[PDB]
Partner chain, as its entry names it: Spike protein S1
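This document starts with one chain, in the form deposited without the partner chain, laid out as structure tokens.
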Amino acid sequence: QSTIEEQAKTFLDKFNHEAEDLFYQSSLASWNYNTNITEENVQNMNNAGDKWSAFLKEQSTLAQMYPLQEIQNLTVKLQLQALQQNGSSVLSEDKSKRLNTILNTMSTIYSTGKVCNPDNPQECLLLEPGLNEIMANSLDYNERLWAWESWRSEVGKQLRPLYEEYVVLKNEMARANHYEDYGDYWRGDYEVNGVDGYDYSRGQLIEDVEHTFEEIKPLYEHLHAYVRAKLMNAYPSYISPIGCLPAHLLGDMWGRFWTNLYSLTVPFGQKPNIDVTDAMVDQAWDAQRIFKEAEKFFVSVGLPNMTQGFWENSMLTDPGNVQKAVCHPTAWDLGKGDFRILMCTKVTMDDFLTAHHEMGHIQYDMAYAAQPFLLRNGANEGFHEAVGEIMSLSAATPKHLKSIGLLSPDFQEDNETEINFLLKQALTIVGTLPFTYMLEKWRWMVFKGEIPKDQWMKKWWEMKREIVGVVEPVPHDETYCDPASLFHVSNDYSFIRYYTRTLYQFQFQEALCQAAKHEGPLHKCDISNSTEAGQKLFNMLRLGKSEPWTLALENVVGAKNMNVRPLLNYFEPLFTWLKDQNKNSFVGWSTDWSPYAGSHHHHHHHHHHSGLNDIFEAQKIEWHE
């Protein structure tokens, strides 16, 4: 009567109508919890999570009726293929409840967790925003070290047992779905099958990540050494000129970004401050201004305005001392033309650039809204983040900041402002790549069982010391779970997407600037006022997940894989200048020097000039060509 393909057309349309209705309802519940944090809202959100995940279980079960080798229409085959993924539903009704409770317990421990002043128990501080305020703004080695150690021993130790159990359950789920381990499950996002030359295997991702990281390593070495010399200028007795930077002195709670170090590391501080935060406050910008300015940036390249619904419904500021919100910058695609942004916007260049990033997410969503339900997604986990990042790449240029009146009309480009800008960008962009690779490799190793539990923290800090050049200021036994002190770890997010994104973006920025007819180095490119580049971008955005990320990338940039070439070209002037800066310093780091076990009061030495003569000779031979 009806062939499998006609049956499948019918099934997919039923699935799409119901899934759209249900997804919109569930997303409204999620919006309620994230703007209004109340138990009534948690209850509704959890109820909708049940309805939704159970719905997808049923539809995944139903989708197995239709074999993929009996399907001609490709748009049908892709949808069915997505639907035929079992997910985490494979576990028993008992173990699924246990793992869900673990995930919730860890997330609550993170968000509710507070450390109190030892001398004042009644006054406590949460991570957001109390402890972040310190890790961003403090200059006190002891206050910063208190906050860092406090967070890792008060909330991290609570998380250790839960994370052990969580790893066991996640690996059970991954092997039950015929992956080697939960890390392999995550690497499945980058998988491609059946597209002939555009295929991509899960183990291939680790090889490409590490191979690309190699070429990041020299630039990172030099940036790290310059940052070390500059952090010595501010923490005189606490940093050795040949050692990893102490973890608590890095700009946020983890050293995930070195962005807030810029005020200390600024090369040429006499020249006007390319960080327009100060300018943003002398011009009394509120959040509405920041987002309207971003909107203008997108219209300039031929993209659409934000919907009436966006301005009506978005929560663009922290909603007051009464009602608490989840202040994590997020872009919401709910279906039915409904697009929102949740960001507790502060008047800082960080939130200016974020606003551009998160509005870029909204552009990607609005572009692919016409695709079928399951294909209303990015080509992989890194694509959305790359889309966001390129917008900030244009927004952050001094050219652009000038054209929007954040830098004065009499602002001249020069060698020094160029070096200032590249250093700042590298603090945000290059500083996070070793962090991200190290964290994800640790996780991957844990899930594969290469790291036993007696050596979780031992190996975590071995790898911080080795890959990142960051050393803990306080020894950490296995009662610690330092990795879970970060949200992305204890809330079960993959993290390699930030590394892959970081390469993609420059690959993208290259291709777009060609489309914009940019003559000049890639780091002076601003795609504003170029519909030609906006068109080239939109062509890829409206695709969504309709075709695999190898092809989605190649369509825009000309390559089927991650490339580190553009990234090095972006930072080349800074690479040269940093190498010159470090010419008489040391480069690299010792894994062994530590704040707690590296100090030595040099009362008496043994040799005439100590080893300094030998050290000079050995470094000459060491870096010899």
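Positions refer to the first chain, counted from 1. Whichever C-alpha set is largest while still superposing within 1.5 Å between the two forms counts as the rigid core.
One more form of this protein, deposited with the partner chain bound, exists but is not displayed; see below.
S.K.: Give a yes or no on whether every one of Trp456, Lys459 and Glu466 sits within 4.5 angstroms of the partner chain in the entry with it bound by heavy atom.
M.R.: Heavy-atom distance to the partner chain in the entry with it bound: none of the three under 4.5 Å.
S.K.: Is the gap between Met65 and the partner chain in the entry with it bound 4.5 Å or less for some heavy atom pair?
M.R.: Although the partner chain is absent here, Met65 would touch it in the entry with it bound, with heavy atoms inside 4.5 Å.
S.K.: Considering non-hydrogen atoms and a 4.5 Å limit, does the partner chain approach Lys336 in the entry with it bound?
M.R.: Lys336 belongs to the contact set for the partner chain.
S.K.: Is there a heavy atom of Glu312 lying 4.5 Å or less from a heavy atom of the partner chain in the entry with it bound?
M.R.: Answer yes; at least one heavy atom of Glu312 falls within 4.5 Å of the partner chain in the entry with it bound.
S.K.: Report whether the minimum heavy atom distance between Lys536 and the partner chain in the entry with it bound is within 4.5 Å.
M.R.: Result no; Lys536 lies far from the partner chain in the entry with it bound.
S.K.: Looking at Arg340, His476, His222, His523, which has any heavy atom no more than 4.5 Å from the partner chain in the entry with it bound?
M.R.: Of the candidates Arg340, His476, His222, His523, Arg340 is the one lying within 4.5 Å of the partner chain in the entry with it bound.
S.K.: With the two forms aligned on the rigid core, which of the residues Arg175, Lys346, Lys157, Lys448 moves its CA by 2 Å or more between the shown form and the other one?
M.R.: Single hit from the list, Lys346.
S.K.: Given a core-based superposition, decide whether the C-alpha of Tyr493 shifts by 2 Å or more between the shown form and the other one.
M.R.: Comparing forms between the shown form and the other one, the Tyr493 CA shifts below 2 Å.
S.K.: Determine whether the C-alpha of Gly49 shifts by 2 Å or more between the shown form and the other one once the rigid core is superposed.
M.R.: Result for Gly49: yes, a 2 Å-plus shift.
S.K.: Once the core is aligned, please say if the CA of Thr38 is shifted by at least 2 angstroms between the shown form and the other one.
M.R.: Passes the 2 Å threshold, so yes.
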